[PDB]
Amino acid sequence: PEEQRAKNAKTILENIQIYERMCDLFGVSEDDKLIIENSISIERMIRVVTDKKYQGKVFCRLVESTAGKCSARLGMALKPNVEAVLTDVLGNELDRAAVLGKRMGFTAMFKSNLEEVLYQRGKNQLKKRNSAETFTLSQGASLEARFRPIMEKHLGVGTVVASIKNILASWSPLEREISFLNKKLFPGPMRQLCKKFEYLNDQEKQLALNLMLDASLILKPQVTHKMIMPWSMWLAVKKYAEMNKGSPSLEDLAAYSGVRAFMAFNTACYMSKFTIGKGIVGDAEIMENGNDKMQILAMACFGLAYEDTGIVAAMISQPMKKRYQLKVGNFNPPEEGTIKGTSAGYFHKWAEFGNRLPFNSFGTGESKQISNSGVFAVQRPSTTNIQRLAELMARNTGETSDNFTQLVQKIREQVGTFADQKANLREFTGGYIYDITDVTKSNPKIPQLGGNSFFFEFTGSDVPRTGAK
């Protein structure tokens, strides 16, 4: 754990170094290095120059500040100078064609998570392969081909299915992807069907994929969630910890999971700034709102676009607003704007990440007791956990001799059994929200939920041209 945060602190400091120099290369001032927008541009720029299969002057649209006002600028640097900064900071490493698949894959994951909060899909045109309703399973879909194998665990079932669908139109790329899909998928006939993949027709592989994709909208898959912030926010931490002796050091807050990752976020919010200008997504005449933007930033850093809005409302220091109630723009440097600082104590509560199966078909960190064996001849109702028995039977009663048609029916009947149980179904049983002060998890709390939990919901309160359209 301390051994972990020490390995984290090393890579974070090395990223602050890369970020500080690239800003110097592109003429970003010391105060402007703390504008979130500049980090989006700098990190993107690195990914573009690094993109070997895409392959000198380099251009970077950035923000320039003057008092409280801001303006966009076009920075310029030489391509050899850009590659020399990475080479000189990262010595005995960089052997990867994509600099470091982790390093840039994380910057690309933040960019993907922000895109998910800002748009249902609507940015990368409409190059969709899967149905519109399966987009909540499309975590990390904005990622480049390069970063998907290394950023696998963070990827959604929809993303992996889309990658397989694109492929269809020591190792094997197709086998590699179905393997990642197999690990993510809810245990049972869906995993059996993955093992039977490549034994299928081109017409059957499609049914296989689309079925497992649809089924996962109820039979939840396992996806890894980390706290991914822009580099300029890790700079704000490093700065605040050094400008404040008593406060927690960068090493203490150098985490991507647990309470330290939430403290890392709030301490970054002391010195971090964002831009505010005219125009929002789909309406150029509406002004950007500072509280609405802050929500989208906190959601982007945690990948909250598909999370239960009620869970989110419980940890947030501002009222939770649905997507089309927010007045927020591109996050790209505005032509003209104003500087707005970040909200210091945004996250009053914190929570652990649900990195494993939400229904917990194995009960790894749970009690294994699902029923009682009667000793006394005393009247009692049935005490058997119906959903855990359903989870166990699907996992346990798999027929290896089963045909594609046999497996297709078993998945449909797995969906039905859980859909008939709908009201009693519980995800992440045993998981609670804790206060920031509550480091030890000594005092658990219930989020107190009810009503629409969909972020991409259309409401009467929606902003003109959005959810109204």
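Residues carry their position along the shown sequence, with the first being 1.
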When you step from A169 to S170 in this entry, do you jump over none, 1 to 3, 4 to 9, or 10 or more residues of the deposited sequence that have no coordinates? 10 or more
Unmodelled deposited residues between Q55 and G56: none, 1 to 3, 4 to 9, or 10 or more? 10 or more
Mean temperature factor over C-alpha atoms, higher-scoring stretch between 88-96 and 114-122: 88-96
Report the stretch with the higher mean CA temperature factor, choosing between 236-244 and 331-339 on the basis of the entry. 236-244
For the listed residues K322, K184, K205, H154, which one has the largest C-alpha B-factor as given in the deposited model? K205
Of the options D402, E43, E413, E427, which has the highest CA B factor as deposited? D402
So, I18's CA B-factor, relative to its chain, sits in which third? The lowest
Temperature factor at the Cα of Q409, chain-ranked in thirds, falls in the middle
Entry-reported C-alpha B-factor of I178 relative to its chain, by third, is highest
Chain thirds by Cα B factor, record data; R191 belongs to the middle
Chain-relative CA temperature factor third for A261: middle
